[PDB]
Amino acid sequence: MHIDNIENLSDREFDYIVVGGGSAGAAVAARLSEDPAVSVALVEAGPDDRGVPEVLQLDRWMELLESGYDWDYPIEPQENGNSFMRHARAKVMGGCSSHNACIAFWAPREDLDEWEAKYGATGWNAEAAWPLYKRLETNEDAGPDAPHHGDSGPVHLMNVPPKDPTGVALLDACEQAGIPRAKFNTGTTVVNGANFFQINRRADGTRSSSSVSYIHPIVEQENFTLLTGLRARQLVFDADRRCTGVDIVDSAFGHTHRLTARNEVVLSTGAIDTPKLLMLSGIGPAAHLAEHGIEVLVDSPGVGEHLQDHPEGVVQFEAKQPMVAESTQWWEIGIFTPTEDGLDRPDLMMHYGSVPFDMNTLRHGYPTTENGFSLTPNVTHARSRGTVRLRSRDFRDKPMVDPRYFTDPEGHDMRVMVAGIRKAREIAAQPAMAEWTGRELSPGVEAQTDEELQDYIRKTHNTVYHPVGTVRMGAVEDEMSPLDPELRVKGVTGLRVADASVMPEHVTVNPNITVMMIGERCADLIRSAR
């Protein structure tokens, strides 16, 4: 049953509570709820997504940015970046899977294997991720000639139909440049290749959010409870240090009620909010909890540390012909290409947008258009690391988000971005794009030296919106990993984190589906007891 007002709930005791019904949370709730003996509560701050159509309908997605469905987290001033950047974060069931561009990717096997081998995450590798990626999808490419794909899973993945004439040409220009067409999600990582994406979206136009995919169909289920418009402010523990529940609130200035957990709590409030909530609950770097008068329950110096993203740049063009006026999601093509020899993963990616993207350029006096396209290079494995810290001990204050863009001491992320800009310029200048490529609007042909292009990037870069790493897994000996390999918070019991926070290292690709995968795994971990 769905509860929109906490007063209607008479039992606040549950076997499992899952906080935050986003990409991972929904999934873990949906899966845990499959044993009908066991009871499950899933608590989210945003509202229900059913009958909301700015959320349900994918081609509308961009309209959600900065709306009442976005938490809207601006960043701290940047040493070497764009101080006007906002990390949009969906606030609604399905979380960011309800506002994202639905671009769907298996993570590369070399990303996931490195979790175990390079980063201490025992049991986190491809053998583990592969049967789960399988389970979560109903993929168009399923067949005997692609047995790695699942055919009956909740999240519908479809191939984007190659209809955009500029899209098709951009590919033709890509071939001309040394970038072949590749199939996505075949099991073999794409290093140098490009194509129309797969997307997680149903036949009708409705996105395949983790809420549309996992929750909707189980709403009326006997053992499962959906609490929405409820915000968590604290986790609650024992003299034994077993997590017993969570305190939540009906409007911010309204009251505080406690749901209690017989078995476990799962935090799935994502890369920005999970570390906040843990710190408000006494779990983090001690000196920092001391700074704000939060009493320390566990000194865990790694909470809110290791913030990772895909920084994004942009290169904008005037179209010589008219652009498409309908799309799946306006960003239909992706391009991988290495900048360096010897990599088993591309260090550079570019999306293609059949629209302008003047979010960060307008305020800087760069001219625009209503008829053009964009090329958006991103660093797939940035070496900059940042933080999420508390602004105060007040749960209502937004956290301080400081990804510290382009601060890696080697100057690598800047170097990949500079090169990405150059490459996008190169792709567009190709003969298969003579009929389309017009005048370059930003940064404008004017900018040519490493130095000029750097300045443009520092001013005008965005994010692809993939913040991760902030409550990371790792070895049991590693003091700097808040979680052990089975997703349990150290120094406490009965508490696990399951969302983008847990990544020891970013993945190469748009991470949503990988986050959905993580929830699946956590579900399997929890329900493997025993």
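Sequential numbering from 1, following the sequence displayed.
Chemist: 227 to 235 versus 396 to 404: which one carries the higher mean Cα B factor per the record?
Modeler: Per the PDB record, 227 to 235.
Chemist: Can you tell me whether 61 to 69 has a higher mean C-alpha B factor than 466 to 474 in this record, or the other way round?
Modeler: Mean CA B-factor is higher for 61 to 69.
Chemist: Could you check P346, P431, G284, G270 and tell me which one carries the biggest Cα B-factor in the deposited entry?
Modeler: Most elevated C-alpha B-factor of the set, per the entry: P431.
Chemist: Looking at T188, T376, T449, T460, which one carries the largest C-alpha B-factor according to the PDB entry?
Modeler: In this record, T449 carries the highest C-alpha B-factor of the candidates.
Chemist: Could you look up the Cα B-factor of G51 in the entry and say which third of the chain it sits in: lowest, middle or highest?
Modeler: Answer is highest: the recorded C-alpha B-factor places it there.
Chemist: When the modelled residues of the chain are sorted by Cα temperature factor, does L9 land in the lowest, middle or highest third?
Modeler: Highest third - that is where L9 ends up once the chain's C-alpha B-factors are sorted.
Chemist: Sorting the chain's modelled residues by C-alpha B-factor, tell me whether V324 ends up in the lowest, middle or highest third.
Modeler: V324: CA B-factor falls in the highest third of its chain.
Chemist: Sorting by Cα B-factor within the chain, modelled residues only, which third would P504 end up in: lowest, middle or highest?
Modeler: Tercile = lowest for this residue's CA B-factor.
Chemist: Ranked by Cα temperature factor within the chain, is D484 in the lowest third, the middle third or the highest third?
Modeler: Lowest third - that is where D484 ends up once the chain's C-alpha B-factors are sorted.
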